[PDB]
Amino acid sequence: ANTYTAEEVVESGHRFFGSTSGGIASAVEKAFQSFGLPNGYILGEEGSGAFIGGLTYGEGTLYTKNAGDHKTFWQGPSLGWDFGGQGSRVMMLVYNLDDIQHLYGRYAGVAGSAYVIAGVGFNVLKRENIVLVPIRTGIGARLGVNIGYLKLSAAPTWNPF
């Protein structure tokens, strides 16, 4: 009862990405089939312009069913999908969040976890027992599956380590 269903997730993504494209449902249906039901999700925006495409700074909100909601910031290497001045949107599924404070830290990518279908892509990052699945669209769908590192923080920071 602390988990989200694929249907709730597909709806949040349809609304956040402004897309009814079948790729969103396909990618969500793939993440759940591989990892089960998340107990949180992050909607936010990323931009890489400050480091001219090579570092991504993101900002969004963590949504849970009974642990409240929280501003979340993140930093990582970028290929420039978010090099657009308005940045680009990302929805991350969060699995196994037991306590909000355990969310912050450094996430290591899982090799061969890239998945792309119909203009929607994700990969998998893990820290301790938390799995993180950043779902991106468009350019980010294809380029974001190359990030193997993401840091999550409670406050915005320039420092990605």
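The first residue of the shown sequence is 1; numbering continues from there.
Mean C-alpha B-factor is higher over 27 to 35 than over the other stretch, the pair under comparison being 27 to 35 and 125 to 133.
For the two regions 94 to 102 and 42 to 50, the entry's Cα B-factors average higher over 94 to 102. Looking only at 119, 68, 112, 60, the residue with the top Cα B factor in the deposited structure is 112. Among the modelled residues of its chain, residue 87 has a C-alpha B-factor that falls in the highest third according to the deposited record.
In this PDB entry, residue 150 carries a Cα temperature factor that places it within the lowest third of its chain's modelled residues.
Ranked by Cα temperature factor within the chain, residue 9 sits in the middle third according to the deposited record. Per-chain ranking of the deposited C-alpha B factor places residue 80 in the highest third.
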